[PDB]
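Okay, structure first, notes after.
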Amino acid sequence: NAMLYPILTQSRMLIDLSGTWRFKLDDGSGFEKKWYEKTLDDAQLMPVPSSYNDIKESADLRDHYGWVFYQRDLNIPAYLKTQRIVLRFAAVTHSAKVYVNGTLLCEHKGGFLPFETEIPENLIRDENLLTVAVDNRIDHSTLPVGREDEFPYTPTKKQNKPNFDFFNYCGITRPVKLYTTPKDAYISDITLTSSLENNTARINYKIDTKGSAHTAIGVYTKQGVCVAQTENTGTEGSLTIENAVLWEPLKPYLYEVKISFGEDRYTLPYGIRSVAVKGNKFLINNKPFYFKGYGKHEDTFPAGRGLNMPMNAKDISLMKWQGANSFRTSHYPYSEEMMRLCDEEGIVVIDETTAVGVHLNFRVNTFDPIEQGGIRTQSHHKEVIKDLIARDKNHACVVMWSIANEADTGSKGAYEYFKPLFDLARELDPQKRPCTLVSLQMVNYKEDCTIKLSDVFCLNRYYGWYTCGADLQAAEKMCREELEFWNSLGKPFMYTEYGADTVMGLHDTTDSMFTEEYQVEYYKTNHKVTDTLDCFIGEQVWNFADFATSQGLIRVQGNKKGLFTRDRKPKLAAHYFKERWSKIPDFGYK
Amino acid sequence: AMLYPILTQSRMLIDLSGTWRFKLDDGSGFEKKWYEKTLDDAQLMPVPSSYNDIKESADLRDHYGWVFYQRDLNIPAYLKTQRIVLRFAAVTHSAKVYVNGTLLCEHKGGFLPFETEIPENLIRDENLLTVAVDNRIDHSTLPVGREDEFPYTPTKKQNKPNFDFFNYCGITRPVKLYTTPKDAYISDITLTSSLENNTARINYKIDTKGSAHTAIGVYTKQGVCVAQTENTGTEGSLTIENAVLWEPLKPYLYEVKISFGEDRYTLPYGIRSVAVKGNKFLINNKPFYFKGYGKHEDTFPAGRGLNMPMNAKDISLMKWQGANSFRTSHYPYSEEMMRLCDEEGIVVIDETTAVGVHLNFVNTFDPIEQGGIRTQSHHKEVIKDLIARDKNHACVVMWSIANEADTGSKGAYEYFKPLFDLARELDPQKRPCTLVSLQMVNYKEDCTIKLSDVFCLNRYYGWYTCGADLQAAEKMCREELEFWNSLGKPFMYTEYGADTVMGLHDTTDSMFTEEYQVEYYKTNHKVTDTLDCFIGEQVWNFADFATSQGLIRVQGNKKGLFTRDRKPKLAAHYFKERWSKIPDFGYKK
Ligand SMILES: CNc1ccc2c(n1)sc1c(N3CCN([C@@H]4O[C@H](C(=O)O)[C@@H](O)[C@H](O)[C@H]4O)CC3)nc(NC)nc12
Ligand SMILES: CNc1ccc2c(n1)sc1c(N3CCN([C@@H]4O[C@H](C(=O)O)[C@@H](O)[C@H](O)[C@H]4O)CC3)nc(NC)nc12
């Protein structure tokens with residue numbers, strides 16, 4: 001379960017296997033014909049990491065249903081066999097079968113979290129083939145959820161039917177790497193928490209290991225000064241950090257925590273900070289925070305969902321330019337490269353699972369018994385929560401877990417589905433951070449089971465777009481009536497989505513849907529209400545940027561609710577928010 | 001010698017790209033020796049990337065001088081049993097590389113690779129890797145910067161490019177650590193080929209360091225050995241029966257496996273011939289017609305930085321459009337792109353960094369003492385390094401020595417003759433050489449006529465002259481191109497185009513509209529299609545790209561057939577139709 005980010009250390013190789021791989025669409029016979037046992041014949045070339053759907057100009061490739069095969073050569077030095085050799089897949093979307101020289105090494109379900117496998121040294125030949133089969137199919141058992149049966153026409157080919165509003169980008173989304181550790185004793189996991197009481201900042205550590213050896217830990221400032229250290233330690237302990245500088249939103253500070261175990265060496269960046277919900281306040285380092293930011297997507301052209309590190313950096317620069325302090329990983333865990341950069345840059349993150357589309361009625365009810373047609377995602381939902389927290393537990397930037405986006409939480413049985421998942425997240429997070437689910441707009445919002453479960457109420461609301469469109473006076477009144485209910489509960493609540501589709505270059509001085517001016521007026525109307533509610537502690541727009549979706553009559557070449565275009569150009573509303581967020585402090589707004 | 005680093009049974013490959021520390025030089029960075037300690041108060045910058053567009057700061061974008069990149073380098077101690085090498089695929093424009101505060105190497109030239117061994121004794125348990133990067137350009141750099149060439153005093157000193165693309169700088173291409181055996185290893189591989197009936201003879205020269213035995217083997221993609229010679233020394237030749245030739249849009253690559261001592265290296269290799277004969281450009285002895293573009297390495301937000309998903313997209317669009325070729329205007333491109341073009345069957349005109357060798361657009365080629373251009377020495381080095389890097393690529397069919405130098409002025413022949421001689425001496429395959437000719441009133445005095453195997457012309461009939469008078473453009477185009485056609489040698493367009501803002505339209509000829517771009521091209525083809533010696537059309541440009549700011553640059557250069565995010569303008573569809581009806585071979589036979 002433990003999944004430390006692979007790094008080059010004095011004891012660990014790191015070999016990136018990214019590049020140009022061979023690529024072949026399956027036609028239904030690829031497994032039967034055992035394509036993984038030889039070189040792919042009559043194949044294409046496809047960049048890795050990337051989604052495969054938009055690299056070529058083929059609708060057949062973009063809209064493909066089922067499996068594809070990736071393959072590359074793997075000629076490695078024999079001296080590596082003296083170490084433990086691990087193959088790490090940062091993400092393969094959605095499901096994967098991994099083969100070395102025709103031998104199946106591992107399988108994985110879940111397109112947005114890492115997995116790894118040791119390569120048995122008996123399998124390594126002088127020349128090797130690495131084959132990765134990737135499945136794109138979605139249904140009532142996957143996260144995200146695909147629909148099954150939900151002027152009629154018969155489609156030419158079978159297609160996935162996303163139960164979610166983003167394109168089903170698939171492939172080897174994030175890097176594949178070979179890494180090594182010592183064979184006989186190595187570090188398997190590191191858990192760090194912070195204790196700030198009695199005016200003494202301390203780091204508590206727990207170091208999980210394999211084998212028998214001696215453990216040591218040191219904490220170092222940016223400039224390399226050791227501020228605490230001990231040798232021949234226990235598996236758990238605490239270190240006092242004198243003069244500790246706390247990690248703050250938009251003012252990051254990361255210590256370097258160096259761990260040694262036998263010959264193994266591993267360094268973990270770490271920000272010291274506290275998070276707690278108290279009353280109607282979201283407290284970071286005991287100060288009342290106000291979220292300013294966005295729901296995002298991992299979406300760029302042409303790699304789709306694929307890791308784009310230049311654009312990760314551009315995006316954080318744009319958020320700081322705009323005055324934002326935060327974002328949510330809608331609607332799946334993001335790359336570790338993004339998470340580590342957010343730690344370095346001081347961007348606060350709401351870390352969300354892949355659980356979007358858990359809703360069969362947007363008559364079989366979503367949370368009916370599985371044997372009567374109810375949703376089949378709970379078991380996997382548990383695994384995603386475990387794996388997400390295991391990967392991201394040490395990040396200062398992560399302040400809250402989002403268990404699901406827009407599930408059927410006003411329907412019968414939702415509390416029963418979600419209670420074990422909230423209990424699991426609270427059990428597994430060593431920092432005991434707030435947990436939430438992101439609430440769909442529903443007529444019976446007072447019956448939303450988030451009220452019984454969440455530490456913060458996170459609302460997706462479209463007053464002025466999906467209701468009251470082109471009637472913002474009505475939108476304001478409808479917005480106030482509902483948000484006054486939420487405010488009456490005395491707990492922190494926020495917007496995690498609100499927006500209006502906006503095509504750059506469309507304009508009107510008079511309120512008109514899809515124009516840049518209407519996007520601004522939409523936000524002004526909503527803020528007239530939220531700025532008067534003391535328990536409203538955050539605003540995250542939908543969306544940071546325009547992004548790709550499945551095709552249909554209400555998607556103008558994707559979702560156009562971005563403040564920025566897909567190539568990151570600011571609409572009128574992006575300038576509106578730069579001005580607004582320039583006047584709102586990170587702390588003490590309410 | 002600069003073989004592309006690969007993972008082999010004898011060679012580790014460790015990519016050091018990622019998030020690096022980054023600091024602008026404030027004028028004290030060398031004096032205060034920032035390279036000896038962790039960079040303080042630093043930003044973060046992705047590597048590989050140009051740094052100019054990552055943030056929102058004009059001071060960063062328009063910075064003049066040096067910046068410092070840095071990262072930690074904690075490497076496994078048992079790599080000290082190997083030879084450890086740091087490869088910089090490209091650092092634009094000049095670099096100083098430090099490990100632990102010791103200067104290990106320096107490099108001039110922003111678009112070709114360089115490397116340095118790390119001395120074992122310098123490696124500590126924890127190491128710092130610092131790269132200082134200089135962006136300054138002048139009369140001694142390639143590309144050339146100007147020096148003195150309602151007036152206003154600028155706020156800050158800035159580079160003055162003598163070229164029409166933005167001066168994107170930084171760690172443009174990946175930084176990697178690799179290893180080879182210490183005692184004996186392969187330094188370079190040179191391959192040439194000759195077709196005798198259906199048997200191909202591959203002549204090899206394998207350069208090595210140390211004492212060991214050399215072996216070469218040739219394998220099909222599927223893995224069948226088709227030739228092998230052992231204990232062969234440095235030079236030799238072998239034969240392949242019924243060889244599959246590499247063809248434009250029908251690539252075929254063999255795998256050439258070399259062993260020397262414990263060292264092992266695999267080189268993909270396509271077999272093909274290139275020859276100019278009469279007015280024909282012959283590939284595998286058939287008259288080729290170039291269909292394609294001048295490109296740039298340009299995407300948002302990495303600028304010039306390696307972008308492998310976009311490289312794959314661009315080739316896909318090229319094949320969608322019916323193109324077969326492009327030119328690496330105006331600098332060598334990434335090895336990753338060049339290796340993909342070998343794999344995909346895209347023909348390349350490989351161009352040096354020599355753009356802006358022109359002081360009168362004092363004479364350009366006056367003596368250095370008298371203020372003439374100071375680039376010839378570095379120009380020779382760029383030619384040497386470019387051919388050393390790319391010599392084995394089947395996709396490279398022609399070398400371009402310079403873009404739009406002052407070749408109609410006195411001294412030009414004297415400047416270029418040693419460079420053409422150098423290129424022909426160093427290329428084992430003896431491929432055609434050209435320079436790319438600037439539009440010029442005295443075109444019959446262009447020294448390309450005395451030097452080049454192919455005359456490659458940049459012409460803007462209907463844009464920079466005869467704008468909005470395409471009937472006059474056609475007449476003036478015909479008058480000049482009938483001269484070039486009378487010389488009997490192959491010639492082509494390497495640039496022709498018209499700035500076009502997507503979304504601007506008119507039914508009636510109007511510059512900057514999508515329709516005018518089409519009519520501009522239709523008018524030029526009316527002439528070129530009638531000219532026997534005209535053997536290729538490469539538009540300017542594949543896609544819109546960033547330039548310096550100015551009154552004629554509508555947020556960069558808009559002559560792309562595609563926008564910067566690779567969307568097709570009307571003229572992109574026009575060329576898809578046109579190239580669908582023109583064969584790669586035998587159009588003008
Ligand atoms: C089951 N699948 C679906 C989903 C949605 C719709 C349909 N089928 S059908 C239809 C429709 N019709 C009404 C209009 N009629 C003509 O079409 C032009 C046009 O719609 O562009 C109109 O301007 C023109 O004046 C009309 O003569 C054409 C069909 N109109 C509207 N909204 C308005 N939505 C739909
Ligand atoms: C040394 N630096 C440079 C370079 C180029 C140019 C200048 N300085 S100055 C100037 C100029 N004048 C500027 C003032 N201008 C007025 O301003 C409007 C406008 O140009 O937008 C016109 O529409 C309006 O009718 C005129 O009253 C009328 C001409 N005009 C044009 N070409 C047209 N180019 C230039």
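Starting from 1 in every chain, residues are counted up; chains themselves are A, B, ... following the order of the structure tokens, and ligands are numbered from 1 as listed.
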Checklist entry - Hey, what does DSSP flag as helix (DSSP H, G or I) within region 128-344 of chain B? Can you give it to me as a ChimeraX atom specification? => result /B:308-321,335-344
Using only N, CA and C atoms, please write the residues we just selected to a file, as a CSV table (one decimal), in the first residue's frame.
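What ended up in part.csv:
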chain,number,residue,atom,x,y,z
B,308,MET,N,7.3,16.5,-26.2
B,308,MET,CA,7.1,15.3,-27.0
B,308,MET,C,5.7,15.0,-27.4
B,309,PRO,N,4.7,15.2,-26.6
B,309,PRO,CA,3.3,15.1,-27.2
B,309,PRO,C,3.1,16.0,-28.4
B,310,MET,N,3.5,17.2,-28.3
B,310,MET,CA,3.4,18.1,-29.5
B,310,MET,C,4.2,17.6,-30.7
B,311,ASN,N,5.4,17.0,-30.5
B,311,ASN,CA,6.1,16.5,-31.6
B,311,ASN,C,5.3,15.4,-32.3
B,312,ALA,N,4.7,14.5,-31.5
B,312,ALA,CA,3.8,13.4,-32.1
B,312,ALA,C,2.6,14.0,-32.8
B,313,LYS,N,2.0,15.0,-32.2
B,313,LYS,CA,0.8,15.7,-32.8
B,313,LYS,C,1.2,16.3,-34.1
B,314,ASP,N,2.4,17.0,-34.2
B,314,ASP,CA,2.8,17.7,-35.4
B,314,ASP,C,3.0,16.7,-36.5
B,315,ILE,N,3.7,15.6,-36.3
B,315,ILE,CA,3.9,14.6,-37.3
B,315,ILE,C,2.6,14.1,-37.8
B,316,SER,N,1.7,13.8,-36.9
B,316,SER,CA,0.3,13.3,-37.2
B,316,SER,C,-0.4,14.3,-38.2
B,317,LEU,N,-0.3,15.6,-37.9
B,317,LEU,CA,-0.9,16.6,-38.7
B,317,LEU,C,-0.2,16.7,-40.1
B,318,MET,N,1.1,16.5,-40.1
B,318,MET,CA,1.8,16.5,-41.3
B,318,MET,C,1.3,15.4,-42.2
B,319,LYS,N,1.1,14.2,-41.7
B,319,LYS,CA,0.6,13.1,-42.4
B,319,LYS,C,-0.8,13.3,-42.8
B,320,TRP,N,-1.6,13.8,-41.9
B,320,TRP,CA,-3.0,14.2,-42.3
B,320,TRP,C,-3.0,15.2,-43.5
B,321,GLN,N,-2.1,16.1,-43.5
B,321,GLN,CA,-2.1,17.1,-44.5
B,321,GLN,C,-1.5,16.7,-45.9
B,335,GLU,N,17.0,15.9,-30.6
B,335,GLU,CA,17.3,14.5,-31.1
B,335,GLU,C,16.0,13.7,-31.1
B,336,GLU,N,15.1,14.0,-30.1
B,336,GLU,CA,13.9,13.2,-30.0
B,336,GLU,C,13.0,13.4,-31.2
B,337,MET,N,13.0,14.7,-31.8
B,337,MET,CA,12.2,14.9,-33.0
B,337,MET,C,12.9,14.2,-34.1
B,338,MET,N,14.2,14.3,-34.2
B,338,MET,CA,14.9,13.8,-35.4
B,338,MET,C,14.8,12.2,-35.4
B,339,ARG,N,14.8,11.6,-34.2
B,339,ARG,CA,14.6,10.2,-34.2
B,339,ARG,C,13.1,9.8,-34.5
B,340,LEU,N,12.2,10.6,-34.1
B,340,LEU,CA,10.8,10.3,-34.5
B,340,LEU,C,10.6,10.5,-36.0
B,341,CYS,N,11.3,11.5,-36.6
B,341,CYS,CA,11.2,11.6,-38.1
B,341,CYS,C,11.8,10.4,-38.8
B,342,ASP,N,12.9,9.8,-38.3
B,342,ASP,CA,13.4,8.6,-38.9
B,342,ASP,C,12.3,7.5,-38.8
B,343,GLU,N,11.6,7.4,-37.6
B,343,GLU,CA,10.6,6.4,-37.4
B,343,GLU,C,9.4,6.5,-38.2
B,344,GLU,N,9.0,7.8,-38.5
B,344,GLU,CA,7.8,8.1,-39.2
B,344,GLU,C,7.9,8.3,-40.7
Next on the checklist: Report as a ChimeraX atom specification all protein, DNA and RNA residues lying within 9 Å of residue 579 (chain B), evaluated on only C-alpha atoms, omitting residues in the same chain fewer than 5 positions from it.
Outcome noted: /B:291,321-323,574,584
Those residues with N, CA and C atoms, as a short mmCIF file (atom, residue, chain, number, x, y, z; two decimals), in the first residue's frame please?
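Output saved as result_12.cif:
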data_model
loop_
_atom_site.label_atom_id
_atom_site.label_comp_id
_atom_site.auth_asym_id
_atom_site.auth_seq_id
_atom_site.Cartn_x
_atom_site.Cartn_y
_atom_site.Cartn_z
N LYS B 291 7.11 18.48 -50.15
CA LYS B 291 5.85 19.11 -49.75
C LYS B 291 5.91 19.31 -48.24
N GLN B 321 -2.09 16.09 -43.51
CA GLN B 321 -2.11 17.13 -44.53
C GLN B 321 -1.53 16.67 -45.86
N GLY B 322 -0.82 15.54 -45.89
CA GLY B 322 -0.15 15.11 -47.10
C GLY B 322 1.25 15.66 -47.29
N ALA B 323 1.86 16.22 -46.25
CA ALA B 323 3.24 16.70 -46.33
C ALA B 323 4.21 15.53 -46.25
N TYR B 574 -6.74 23.95 -47.69
CA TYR B 574 -6.29 24.10 -49.07
C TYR B 574 -5.08 23.22 -49.36
N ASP B 584 4.62 12.16 -54.03
CA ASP B 584 5.93 12.43 -53.44
C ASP B 584 7.04 12.28 -54.47
#
Item to check | Distance filter 8 Å around ligand 1, atoms: only C-alpha atoms and all ligand atoms, out as a PyMOL selection string | outcome: chain A and resi 151-152+553
Checklist entry - If you count only C-alpha atoms, which residues fall within 6 Å of region 343-355 of chain A, apart from same-chain ones fewer than 3 positions away, as a PyMOL selection string? => result chain A and resi 143-144+249-252+325-329+331-333+340+397-398+400-404
Export of the given selection (C-alpha atoms) as a PDB file, in the first residue's frame:
ATOM      1  CA  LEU A 143     -14.599   4.991 -10.569  1.00  0.00           C
ATOM      2  CA  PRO A 144     -15.294   7.145 -12.457  1.00  0.00           C
ATOM      3  CA  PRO A 249      -0.763  29.380   2.175  1.00  0.00           C
ATOM      4  CA  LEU A 250       1.187  31.431  -0.392  1.00  0.00           C
ATOM      5  CA  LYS A 251       4.193  31.413   2.013  1.00  0.00           C
ATOM      6  CA  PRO A 252       5.499  27.852   1.824  1.00  0.00           C
ATOM      7  CA  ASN A 325      -4.746  30.343  -2.725  1.00  0.00           C
ATOM      8  CA  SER A 326      -6.272  26.926  -3.396  1.00  0.00           C
ATOM      9  CA  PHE A 327      -7.840  24.372  -5.716  1.00  0.00           C
ATOM     10  CA  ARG A 328      -9.604  21.001  -5.654  1.00  0.00           C
ATOM     11  CA  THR A 329      -8.327  17.945  -7.567  1.00  0.00           C
ATOM     12  CA  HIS A 331     -12.376  14.742 -10.060  1.00  0.00           C
ATOM     13  CA  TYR A 332      -9.463  12.362  -9.442  1.00  0.00           C
ATOM     14  CA  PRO A 333      -6.063  12.430  -7.691  1.00  0.00           C
ATOM     15  CA  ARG A 340       4.918  18.256  -4.740  1.00  0.00           C
ATOM     16  CA  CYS A 397      -0.760  21.417   0.960  1.00  0.00           C
ATOM     17  CA  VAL A 398      -3.554  18.847   1.434  1.00  0.00           C
ATOM     18  CA  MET A 400      -9.178  18.319   3.326  1.00  0.00           C
ATOM     19  CA  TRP A 401     -10.271  15.041   1.704  1.00  0.00           C
ATOM     20  CA  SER A 402     -13.194  15.033  -0.747  1.00  0.00           C
ATOM     21  CA  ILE A 403     -14.765  11.570  -0.678  1.00  0.00           C
ATOM     22  CA  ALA A 404     -16.978  11.971  -3.787  1.00  0.00           C
TER      23      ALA A 404
END
Item to check | Distance-based interface of chain A with chain B, 9 Å, counting only C-alpha atoms, as a VMD selection string | outcome: chain A and resid 8 to 16 19 to 20 38 to 41 45 to 50 54 to 57 74 to 79 126 to 127 222 to 224 301 to 303 309 to 318 321 337 341 344 to 345 567
Checklist entry - What is the CA of residue 573 (chain A) to CA of residue 516 (chain A) distance in Å? => result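 Taking CA of residue 573 (chain A) as the start and CA of residue 516 (chain A) as the end point, the length is 6.8 Å.
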Checklist entry - Among region 197-435 of chain A, which ones does DSSP place in strand (DSSP E or B), written as a PyMOL selection string? => result chain A and resi 202-210+215-220+226-231+236-240+248+251+255-261+264-270+275-278+281-284+287-289+291-295+300+304+326-328+348-352+356+398-405+435
Atoms kept (C-alpha atoms) for selection, written as a CSV table (one decimal), in the first residue's frame:
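Everything below was put into again19.csv:
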chain,number,residue,atom,x,y,z
A,202,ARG,CA,7.7,19.0,16.8
A,203,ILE,CA,7.7,16.5,14.0
A,204,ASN,CA,6.4,13.0,14.8
A,205,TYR,CA,7.8,10.3,12.6
A,206,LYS,CA,6.9,6.7,11.9
A,207,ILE,CA,9.3,4.8,9.6
A,208,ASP,CA,8.1,1.5,8.1
A,209,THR,CA,10.9,-0.8,6.9
A,210,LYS,CA,11.6,-4.3,5.4
A,215,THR,CA,17.2,3.7,11.6
A,216,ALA,CA,18.3,7.4,11.6
A,217,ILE,CA,16.4,10.7,10.9
A,218,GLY,CA,17.5,14.3,10.4
A,219,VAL,CA,15.6,17.5,9.6
A,220,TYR,CA,17.3,20.2,7.6
A,226,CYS,CA,20.6,20.4,10.5
A,227,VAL,CA,17.9,21.5,13.0
A,228,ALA,CA,17.2,18.1,14.6
A,229,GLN,CA,18.6,14.6,14.3
A,230,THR,CA,18.9,11.2,16.0
A,231,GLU,CA,20.5,7.9,15.1
A,236,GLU,CA,8.4,6.0,16.0
A,237,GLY,CA,9.6,9.1,17.8
A,238,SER,CA,9.5,12.9,17.8
A,239,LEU,CA,11.9,15.7,17.0
A,240,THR,CA,11.7,19.2,18.4
A,248,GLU,CA,1.5,28.9,5.2
A,251,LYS,CA,4.2,31.4,2.0
A,255,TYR,CA,12.1,21.3,5.6
A,256,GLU,CA,14.1,18.3,4.2
A,257,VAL,CA,13.6,15.2,6.2
A,258,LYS,CA,16.4,12.6,5.6
A,259,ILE,CA,15.8,9.0,6.6
A,260,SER,CA,18.5,6.3,6.7
A,261,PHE,CA,17.9,2.6,7.2
A,264,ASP,CA,19.0,2.9,2.2
A,265,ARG,CA,18.6,6.7,2.0
A,266,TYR,CA,15.4,8.7,1.3
A,267,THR,CA,14.7,12.4,1.6
A,268,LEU,CA,11.1,13.7,2.1
A,269,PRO,CA,10.2,17.4,1.8
A,270,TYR,CA,7.9,18.4,4.6
A,275,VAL,CA,-5.4,22.1,10.1
A,276,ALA,CA,-8.6,22.0,12.2
A,277,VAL,CA,-12.3,22.8,11.8
A,278,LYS,CA,-13.7,24.6,14.9
A,281,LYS,CA,-14.0,28.3,11.0
A,282,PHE,CA,-11.5,26.5,8.8
A,283,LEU,CA,-8.3,27.0,10.8
A,284,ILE,CA,-4.8,26.7,9.2
A,287,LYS,CA,-6.1,31.2,11.8
A,288,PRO,CA,-9.5,31.5,10.0
A,289,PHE,CA,-8.8,30.6,6.3
A,291,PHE,CA,-10.5,29.5,0.2
A,292,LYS,CA,-10.0,31.4,-3.1
A,293,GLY,CA,-9.6,29.4,-6.2
A,294,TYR,CA,-11.0,26.7,-8.5
A,295,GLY,CA,-12.0,23.3,-9.3
A,300,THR,CA,-4.0,20.2,-21.8
A,304,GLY,CA,-5.2,15.2,-22.7
A,326,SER,CA,-6.3,26.9,-3.4
A,327,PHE,CA,-7.8,24.4,-5.7
A,328,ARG,CA,-9.6,21.0,-5.7
A,348,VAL,CA,-3.7,24.7,-0.6
A,349,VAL,CA,-5.4,21.5,-2.0
A,350,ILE,CA,-8.7,19.7,-1.5
A,351,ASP,CA,-7.7,16.2,-2.4
A,352,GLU,CA,-10.5,14.3,-4.1
A,356,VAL,CA,-17.7,10.9,-9.6
A,398,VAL,CA,-3.6,18.8,1.4
A,399,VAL,CA,-6.0,20.3,4.0
A,400,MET,CA,-9.2,18.3,3.3
A,401,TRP,CA,-10.3,15.0,1.7
A,402,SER,CA,-13.2,15.0,-0.7
A,403,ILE,CA,-14.8,11.6,-0.7
A,404,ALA,CA,-17.0,12.0,-3.8
A,405,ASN,CA,-18.2,14.5,-6.3
A,435,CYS,CA,-13.5,15.2,5.3
Sorted per-residue table, chain B near ligand 2, closest atoms and distance, 9 Å, only C-alpha atoms and all ligand atoms, as JSON lines:
{"residue": "B:150", "atom": "CA", "partner": "ligand 2", "partner_atom_place_in_ligand_line": "1 (C)", "distance": 4.4}
{"residue": "B:151", "atom": "CA", "partner": "ligand 2", "partner_atom_place_in_ligand_line": "1 (C)", "distance": 6.4}
{"residue": "B:551", "atom": "CA", "partner": "ligand 2", "partner_atom_place_in_ligand_line": "5 (C)", "distance": 7.7}
Item to check | Close residues, residue 296 (chain B) itself excluded, 9 Å, only C-alpha atoms, min 4 positions apart in chain, as a PyMOL selection string | outcome: chain B and resi 165+304+327-331+333+541-545
Nearby residues (only C-alpha atoms) at most 9 Å from residue 511 (chain A), same-chain spacing under 2 positions excluded, as a short mmCIF file (atom, residue, chain, number, x, y, z; two decimals) with C-alpha atoms, in the first residue's frame:
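Just written: selection-v4.cif:
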data_model
loop_
_atom_site.label_atom_id
_atom_site.label_comp_id
_atom_site.auth_asym_id
_atom_site.auth_seq_id
_atom_site.Cartn_x
_atom_site.Cartn_y
_atom_site.Cartn_z
CA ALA A 470 -30.57 34.91 -18.01
CA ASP A 471 -32.60 35.89 -14.89
CA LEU A 472 -29.92 36.88 -12.39
CA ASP A 508 -22.94 41.74 -25.10
CA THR A 509 -23.53 44.77 -22.90
CA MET A 513 -25.72 33.54 -21.83
CA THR A 515 -20.84 35.91 -23.35
CA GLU A 517 -19.97 39.83 -19.68
CA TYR A 518 -22.59 37.40 -18.45
CA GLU A 521 -22.45 39.28 -13.88
#
